[PDB]
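Asks: You'll find coords.json just under this line, and it carries JSON, C-alpha atoms.
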[["chain", "number", "residue", "atom", "x", "y", "z"],
["A", 350, "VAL", "CA", -11.57, -13.00, -14.56],
["A", 351, "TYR", "CA", -9.87, -12.02, -17.84],
["A", 352, "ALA", "CA", -10.40, -8.32, -17.07],
["A", 353, "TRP", "CA", -9.28, -8.90, -13.51],
["A", 354, "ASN", "CA", -9.19, -5.80, -11.35],
["A", 355, "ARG", "CA", -6.09, -4.74, -9.43],
["A", 356, "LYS", "CA", -5.75, -2.41, -6.46],
["A", 357, "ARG", "CA", -2.40, -1.24, -5.16],
["A", 358, "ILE", "CA", -2.03, -1.24, -1.38],
["A", 359, "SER", "CA", 0.66, 1.19, -0.27],
["A", 360, "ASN", "CA", 1.53, 3.26, 2.83],
["A", 361, "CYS", "CA", -1.15, 2.17, 5.25],
["A", 362, "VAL", "CA", -1.37, 0.17, 8.45],
["A", 363, "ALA", "CA", -2.59, -3.22, 7.27],
["A", 364, "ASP", "CA", -4.93, -4.77, 9.80],
["A", 365, "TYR", "CA", -5.21, -8.45, 9.01],
["A", 366, "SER", "CA", -6.90, -10.26, 11.94],
["A", 367, "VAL", "CA", -10.26, -8.77, 10.97],
["A", 368, "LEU", "CA", -9.95, -10.70, 7.69],
["A", 369, "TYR", "CA", -9.18, -13.99, 9.45],
["A", 370, "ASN", "CA", -11.88, -13.92, 12.08],
["A", 371, "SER", "CA", -14.70, -12.82, 9.76],
["A", 372, "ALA", "CA", -15.06, -16.54, 8.82],
["A", 373, "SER", "CA", -17.41, -15.85, 5.89],
["A", 374, "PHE", "CA", -14.77, -17.00, 3.40],
["A", 375, "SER", "CA", -14.95, -20.42, 1.78],
["A", 376, "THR", "CA", -11.36, -20.90, 0.58],
["A", 377, "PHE", "CA", -8.68, -19.33, 2.74],
["A", 378, "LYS", "CA", -5.40, -21.20, 2.82],
["A", 379, "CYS", "CA", -2.11, -19.42, 2.68],
["A", 380, "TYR", "CA", 1.09, -20.01, 0.74],
["A", 381, "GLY", "CA", 4.52, -18.52, 1.35],
["A", 382, "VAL", "CA", 4.03, -17.66, 5.02],
["A", 383, "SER", "CA", 1.82, -18.76, 7.93],
["A", 384, "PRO", "CA", -1.52, -16.90, 8.20],
["A", 385, "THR", "CA", -1.40, -15.68, 11.82],
["A", 386, "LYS", "CA", 2.24, -14.57, 11.49],
["A", 387, "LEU", "CA", 1.96, -12.42, 8.35],
["A", 388, "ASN", "CA", 0.36, -9.75, 10.56],
["A", 389, "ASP", "CA", 3.93, -8.97, 11.69],
["A", 390, "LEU", "CA", 5.87, -8.32, 8.47],
["A", 391, "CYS", "CA", 6.29, -5.21, 6.35],
["A", 392, "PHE", "CA", 6.12, -4.86, 2.56],
["A", 393, "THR", "CA", 6.62, -2.23, -0.12],
["A", 394, "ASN", "CA", 3.29, -2.84, -1.85],
["A", 395, "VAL", "CA", 0.49, -5.39, -1.84],
["A", 396, "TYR", "CA", -1.47, -6.23, -4.99],
["A", 397, "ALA", "CA", -5.17, -6.98, -4.51],
["A", 398, "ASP", "CA", -6.11, -9.01, -7.60],
["B", 158, "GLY", "CA", -0.12, 19.68, -19.16],
["B", 159, "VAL", "CA", 2.50, 18.85, -16.57],
["B", 160, "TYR", "CA", 0.20, 16.39, -14.74],
["B", 161, "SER", "CA", -0.69, 14.50, -17.94],
["B", 162, "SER", "CA", -0.04, 10.79, -18.61],
["B", 163, "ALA", "CA", -0.24, 9.67, -14.97],
["B", 164, "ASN", "CA", 1.08, 6.14, -15.41],
["B", 165, "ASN", "CA", 2.35, 3.52, -12.91],
["B", 166, "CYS", "CA", 1.79, 5.45, -9.69],
["B", 167, "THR", "CA", 3.50, 3.91, -6.68],
["B", 168, "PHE", "CA", 2.70, 6.55, -4.03],
["B", 169, "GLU", "CA", 0.18, 9.37, -3.56],
["B", 170, "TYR", "CA", -0.09, 12.00, -0.83],
["B", 171, "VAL", "CA", -2.19, 15.07, -0.02],
["B", 172, "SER", "CA", -1.58, 17.39, 2.94],
["B", 173, "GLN", "CA", -2.34, 20.73, 4.51],
["B", 174, "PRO", "CA", -0.60, 23.59, 2.67],
["B", 175, "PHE", "CA", 2.26, 25.89, 3.49],
["B", 176, "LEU", "CA", 2.38, 29.69, 3.12],
["B", 187, "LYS", "CA", 8.25, 40.34, 1.24],
["B", 188, "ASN", "CA", 8.04, 36.72, 2.42],
["B", 189, "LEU", "CA", 10.81, 34.14, 1.93],
["B", 190, "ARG", "CA", 10.22, 30.40, 1.74],
["B", 191, "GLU", "CA", 13.32, 28.25, 2.31],
["B", 192, "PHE", "CA", 13.29, 24.52, 1.60],
["B", 193, "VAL", "CA", 15.82, 21.69, 1.70],
["B", 194, "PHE", "CA", 15.32, 18.56, -0.36],
["B", 195, "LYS", "CA", 17.53, 15.58, 0.34],
["B", 196, "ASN", "CA", 17.32, 11.96, -0.79],
["B", 197, "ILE", "CA", 19.26, 9.56, 1.43],
["B", 198, "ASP", "CA", 18.79, 5.79, 1.94],
["B", 199, "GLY", "CA", 15.62, 5.60, -0.11],
["B", 200, "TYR", "CA", 14.11, 8.42, 1.95]]
Once more with this new file: its structure as structure tokens, please.

Replies:
Amino acid sequence: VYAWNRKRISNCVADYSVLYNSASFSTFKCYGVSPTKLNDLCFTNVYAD
Amino acid sequence: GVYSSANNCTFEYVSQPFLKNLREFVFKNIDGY
């Protein structure tokens, strides 16, 4: 956790619904924007921490 | 030694190549493109 890994996510089609409907995840709540509607917005980069 | 100190990359791309023979190219940078 102190040496936390980061991946940059840039210039790809970001499929999201496959993450939601996997349902193997214990804690998935979302802040900033609704979960089912952030499949429809575009960003410059996404940081996977 | 040109490709040294690769720091803070924000984009990466690899493609198929190109090329008494003349190669003409136009580089423009408009609207963040």

Asks: Would you kindly return, as a ChimeraX atom specification, each protein, DNA or RNA residue with an atom no farther than 10 Å from any atom of segment 360-373 of chain A, considering all atoms listed in the file and excluding same-chain residues fewer than 5 positions away?

Replies: /A:384-395 /B:167-170

Asks: For the atom pair atom CA of residue 172 of chain B and atom CA of residue 398 of chain A, what is the interatomic distance in Å to one decimal place?

Replies: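 According to the coordinates, atom CA of residue 172 of chain B and atom CA of residue 398 of chain A are separated by 28.8 Å.
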
Asks: Distance atom CA of residue 397 of chain A-atom CA of residue 358 of chain A, one decimal place?

Replies: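 Between atom CA of residue 397 of chain A and atom CA of residue 358 of chain A the gap works out to 7.3 Å.
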
Asks: One number please: atom CA of residue 396 of chain A to atom CA of residue 357 of chain A, in Å, one decimal.

Replies: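 Computing the Euclidean distance for atom CA of residue 396 of chain A and atom CA of residue 357 of chain A yields 5.1 Å.
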